[PDB]
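Each of two forms of one protein chain follows alone as structure tokens, named structure 1 and structure 2.
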Structure 1
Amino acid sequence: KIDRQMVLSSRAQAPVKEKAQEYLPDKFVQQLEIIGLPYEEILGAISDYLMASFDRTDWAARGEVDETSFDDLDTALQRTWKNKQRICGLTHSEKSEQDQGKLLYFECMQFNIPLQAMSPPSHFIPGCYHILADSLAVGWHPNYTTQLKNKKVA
């Protein structure tokens, strides 16, 4: 009551259940499973995609976030992706490529960063993470592109 916000309080609702199966053929998905990632949190990340995209459109339409904020946020997030990618590639090389991919995914999802000095919701970071995964901007598997090409034929 009688509070004040001046922060990215994204207005969104529970995503439609069918869209979870609808977005299954999406590129970020077949980036995901190829590291042995289970289907339940696959659906969770799919939902996170849905609300994250809806909130991105909401901010772009109504207007609370400058355009350069998304760009430099994603640039920093991609740099962090690559840094942790190499970190897990070296310090965890003494085991399977599958587990390397899943540990990279886990250790990357914990990252947080403010936007315009203000805190986004907890679901936003995985959403932009998988958005980068959509356009080959980030990858969880150490050789993700090769396995993506292999699975696109099978």
Structure 2
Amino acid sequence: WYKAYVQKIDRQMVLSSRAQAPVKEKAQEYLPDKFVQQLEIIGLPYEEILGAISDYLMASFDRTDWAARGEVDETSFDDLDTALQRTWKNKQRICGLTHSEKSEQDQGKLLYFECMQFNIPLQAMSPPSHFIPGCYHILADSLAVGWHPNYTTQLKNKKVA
């Protein structure tokens, strides 16, 4: 009655307090960011959401550091971005074709768990485990990729909600 509510508010505070630019619309209120919302659309457990948050933060720090060492420049990331976009399109099409019969949230779980495991081409580099997930989460935060074929409609429903 009280421990559940304090737990839920602590969860909201922990999950939703940061972004590239804290939006004043989501400053006094704790609306989850786009990527965490896209995760909650399929209803992943809580600890998986925490893992995703950590991946996103660590990837941001790594990109900052690599830029601040002069090892990377602007043009480096564009090929990676377009490769991610093209790969996600192909895998989205394949997942839709193969398992159209399953419940929609099941399709979301599927795509979410296949897109991350597959490797992605890039330069002479050794990306640690927690890099590609963070880039995917940044892309999701921009609504360029999604974990649901009609994630956009559910997202309008949520903003209305």
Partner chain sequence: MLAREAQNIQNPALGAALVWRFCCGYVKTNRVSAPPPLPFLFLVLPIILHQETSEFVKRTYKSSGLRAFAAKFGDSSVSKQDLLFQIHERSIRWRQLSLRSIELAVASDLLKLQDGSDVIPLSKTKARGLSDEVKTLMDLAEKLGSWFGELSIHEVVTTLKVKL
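Residue indices: 1-based, along structure 1. Rigid core: the largest C-alpha set superposing within 1.5 Å between the two forms.
Here the chain coming from the form solved in complex with the partner chain is structure 2, while structure 1 comes from the other form.
Of the residues checked (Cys88, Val29, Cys128, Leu115), the rigid-core alignment between the two structures shows a Cα shift of at least 2 Å for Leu115 alone. Once the rigid core is used as the reference frame, the Cα position of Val7 differs between the two structures by 2 Å or more.
A C-alpha shift of 1.0 Å is found for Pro142 between the two structures, based on superposition of the rigid core. Superposed on the rigid core, the forms differ at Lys19: its CA is offset by 14.7 Å between the two structures.
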